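To keep things clear, I will list the structure first and then write my remarks on it.
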Amino acid sequence: XXXXXXXXXXXXXXXXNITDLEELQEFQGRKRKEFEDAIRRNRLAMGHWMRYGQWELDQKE
Amino acid sequence: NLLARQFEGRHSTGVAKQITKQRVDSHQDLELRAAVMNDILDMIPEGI
Amino acid sequence: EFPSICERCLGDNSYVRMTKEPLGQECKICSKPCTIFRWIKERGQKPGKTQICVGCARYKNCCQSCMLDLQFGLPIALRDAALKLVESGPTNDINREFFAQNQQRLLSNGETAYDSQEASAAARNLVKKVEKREXXXXXXXXXXXXXXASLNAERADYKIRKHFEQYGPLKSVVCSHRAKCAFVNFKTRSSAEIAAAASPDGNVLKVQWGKXXXXXXXXXXXXXXXXXXXXXXXXXXXXXXXXXXXXXXXXXXXX
Amino acid sequence: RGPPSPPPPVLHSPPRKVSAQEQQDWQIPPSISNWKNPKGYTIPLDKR
Amino acid sequence: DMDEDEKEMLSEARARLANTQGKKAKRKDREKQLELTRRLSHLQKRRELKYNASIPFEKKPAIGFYXXXXXXXXXXXXXXXX
RNA sequence: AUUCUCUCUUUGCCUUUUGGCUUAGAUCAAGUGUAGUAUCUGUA
RNA sequence: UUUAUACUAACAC
RNA sequence: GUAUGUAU
Ligand SMILES: [Zn+2]
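First to last, the protein sequences are chains E, U, L, S and H.
Mapped onto the working numbering, the consecutive letters of the first sequence carry residue numbers 1 to 61.
Mapped onto the working numbering, the consecutive letters of the second sequence carry residue numbers 1001 to 1048.
Mapped onto the working numbering, the consecutive letters of the third sequence carry residue numbers 2001 to 2255.
Mapped onto the working numbering, the consecutive letters of the fourth sequence carry residue numbers 3001 to 3048.
Mapped onto the working numbering, the consecutive letters of the fifth sequence carry residue numbers 4001 to 4082.
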């Protein structure tokens, strides 16, 4: 019962929008805060950078 | 000195911490773990 | 190294005594330490004072006190909205610090001037842009209500004030654009009676004798009066509006 | 602080050829501790 | 008792191995769960009752080599996207 | 003959391993009992 | 009414 | 139940 003491933990852990024009800008604003913070945490870290642009084109351009 | 603090506030985060005994063991390492971050960068060839 | 300062504030005199003070107020826009320049204009006038740092009044281009643009003489906000030349837009507490610092970063390194030919071309263009844009049954039913001082002006406010005030002493005037009506109340009835007959069928009118949910009901009454004016000049919505027009008169008569 | 003065041309010497054996000879096996193995990340006893 | 106590430790061990999050992970996710749950009640109040301002830091493209027509089409597209 | 998608076989690529540093940084599972509240289980 | 868990604990020996 | 922050 050695390999079964590990696999039994995984299966136990395994089992365990938007309206208006105004309310979207709130949603859109908070995601900007999110992104800007992750830049301050890491000056360089291009994953956070690249993402941030992609996200803005789809919304605005 | 205290008045200038009271009509300005404290300057930008930095200035200089000036070691002391409490933070010598820490700051020793920090340098070693950035002089291996040097020597590797240069030991690794031009595209690996 | 005297300041920007226009000709307009320095004043009537040729000779002018004025005092610098190397670190007074940090600039309003810029939000950084600068020099205050004080002077008097006239005999018993309260003395002037520069409100901006030169770094800014370079970029913005105005009298470091008056803030009236040097070329024209109109305010700086008024200028940026209408002419839309440099197209600046922070208007915040903190962003306006950096934005305006960023333009001081721009102009100091590469001297990008304020071109006055292209500026004047914007004005003469804006000038031309302005010009291109630019009864018996009543009086009987009216007299029946008069026997049993306010005129309903059916079918702008300043002109409604101008044309009615010249026909008597006014008590008060109203308007609603969505309503598309204005209740002109006179001080006397002799004036309101006279103004009724004078302003009947006149341009600038149906001049009678007066009597979320509120927004949608008034906006519905706007579409009703719009089709009512359009039809008289010349179908289901017209019939549905007629049913709503009949329902309002029944509520008015009953109440 | 503001953004720096835009960078210059890099003008490197031409990149040397690498080969697939060289890029395998710099293979770095992730090391694992006797002591400091925080979080979870279970590892079998035949990899120790 | 002895059979029962063996089965207890065998279940406690399955909890230890399973989760490594720590105090800070559990308390940080509850803060998300509270904030998210708070909105869903707050947004329903809005329906019941019923950085953006000026860009963070501009950094202009580069220089006029070619570009005015490109900008003309871009302005009207944002209104359509709304 | 080319391009795109789906399926199978063989092979490649990783995220640093969950931020770092100290005397393994440091010590060792006798608690029980009552009262109240909340959740779950059974009784043509 | 019984059993378990946690919260009551800003308890008590 | 404070040290320490979140909302009006
Ligand atoms: Zn200034």
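Using N, Cα and C, we set each Cβ at its ideal position, and we do this for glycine too.
Any C-beta of chain L under 9 Å from that of residue i
i, result
"residue 3978(H)", "A query on residue 3978(H) cannot be resolved here, the shown segment of chain H reaching from 4001 to 4082 and no further."
Terminal residues of the alpha helix (DSSP H) in which residue i lies
i, result
"residue 4037(H)", "4022-4049"
"residue 2023(L)", "Note, residue 2023(L): premise wrong, no alpha helix (DSSP H); beta strand (DSSP E) at 2018-2026."
"residue 2116(L)", "2116-2133"
"residue 2006(L)", "Run containing residue 2006(L): none; DSSP gives neither H nor E here."
"residue 2084(L)", "It is not in any alpha helix (DSSP H) - residue 2084(L) carries neither H nor E in the DSSP assignment."
"residue 29(E)", "22-41"
"residue 3040(S)", "Careful: residue 3040(S) lies outside any alpha helix (DSSP H) and carries neither H nor E."
Test: residue i CB closer than 9 Å to a CB of chain E
i, result
"residue 4046(H)", "yes"
"residue 4043(H)", "yes"
Rounded C-alpha distance that separates residue i from residue j
i, j, result
"residue 4030(H)", "residue 1006(U)", "40 Å"
"residue 4052(H)", "residue 2076(L)", "24 Å"
"residue 4026(H)", "residue 45(E)", "27 Å"
"residue 1004(U)", "residue 4043(H)", "47 Å"
"residue 2034(L)", "residue 2004(L)", "13 Å"
"residue 2181(L)", "residue 2134(L)", "22 Å"
"residue 2108(L)", "residue 2031(L)", "17 Å"
"residue 2103(L)", "residue 2007(L)", "26 Å"
For residue i, the residue or residues it bridges with in DSSP
i, result
"residue 2154(L)", "2181(L), 2206(L)"
"residue 4054(H)", "Answer by DSSP bridge pairing: none, since residue 4054(H) is not bridged."
"residue 2038(L)", "2019(L)"
"residue 2176(L)", "2181(L)"
"residue 2033(L)", "2026(L)"
"residue 2186(L)", "2170(L)"
Residue i at chain H interface by Cβ criterion, 9 Å
i, result
"residue 51(E)", "no"
"residue 29(E)", "yes"
"residue 41(E)", "no"
"residue 3039(S)", "yes"
"residue 54(E)", "no"
"residue 2112(L)", "no"
"residue 3003(S)", "yes"
Neighbour flag for residue i against chain U, beta carbons, 9 Å
i, result
"residue 3026(S)", "yes"
"residue 3018(S)", "yes"
"residue 3021(S)", "no"
"residue 3015(S)", "yes"
CB contact check: residue i to chain S, cutoff 9 Å
i, result
"residue 1047(U)", "yes"
"residue 4017(H)", "yes"
"residue 4097(H)", "Absent from the structure is residue 4097(H), since the part of chain H shown begins at 4001 and ends at 4082."
"residue 1019(U)", "no"
N- and C-terminal bounds of the beta strand (DSSP E) containing residue i
i, result
"residue 2170(L)", "2170-2172"
Report yes or no: do the stretch 4010-4020 of chain H and the stretch 3029-3046 of chain S share at least 3 C-beta pairs separated by less than 8 Å?
With the cut-off at 8 Å, the stretch 4010-4020 of chain H and the stretch 3029-3046 of chain S touch.
Count the C-beta pairs between the stretch 2091-2098 of chain L and the stretch 2064-2074 of chain L that are closer than 8 Å, then say yes if the count reaches three, no if not.
With contact defined as three or more Cβ pairs closer than 8 Å, the stretch 2091-2098 of chain L and the stretch 2064-2074 of chain L are not in contact.
Does the stretch 2015-2027 of chain L come close enough to the stretch 2079-2086 of chain L that 3 or more CB-CB pairs lie under 8 Å?
Result no; under three Cβ-Cβ pairs closer than 8 Å.
Does the structure place the stretch 2027-2037 of chain L close enough to the stretch 2045-2057 of chain L that three or more beta carbon pairs sit under 8 Å?
Counting Cβ pairs under 8 Å, three or more are found: they touch.
Counting pairs of Cβ atoms below 8 Å between the stretch 2166-2185 of chain L and the stretch 2109-2119 of chain L, do you hit three or more?
The answer is no - the stretch 2109-2119 of chain L does not touch the stretch 2166-2185 of chain L, with fewer than three Cβ pairs under 8 Å.
Stretch-stretch touch, CB-based, cutoff 8 Å, three pairs: the stretch 2182-2192 of chain L with the stretch 2162-2173 of chain L
They touch, by the three-pair rule.
May I ask you to verify whether the stretch 2147-2159 of chain L touches the stretch 2188-2203 of chain L, counting CB pairs closer than 8 Å and requiring at least 3?
In short, these stretches touch, since the Cβ pair count reaches three.
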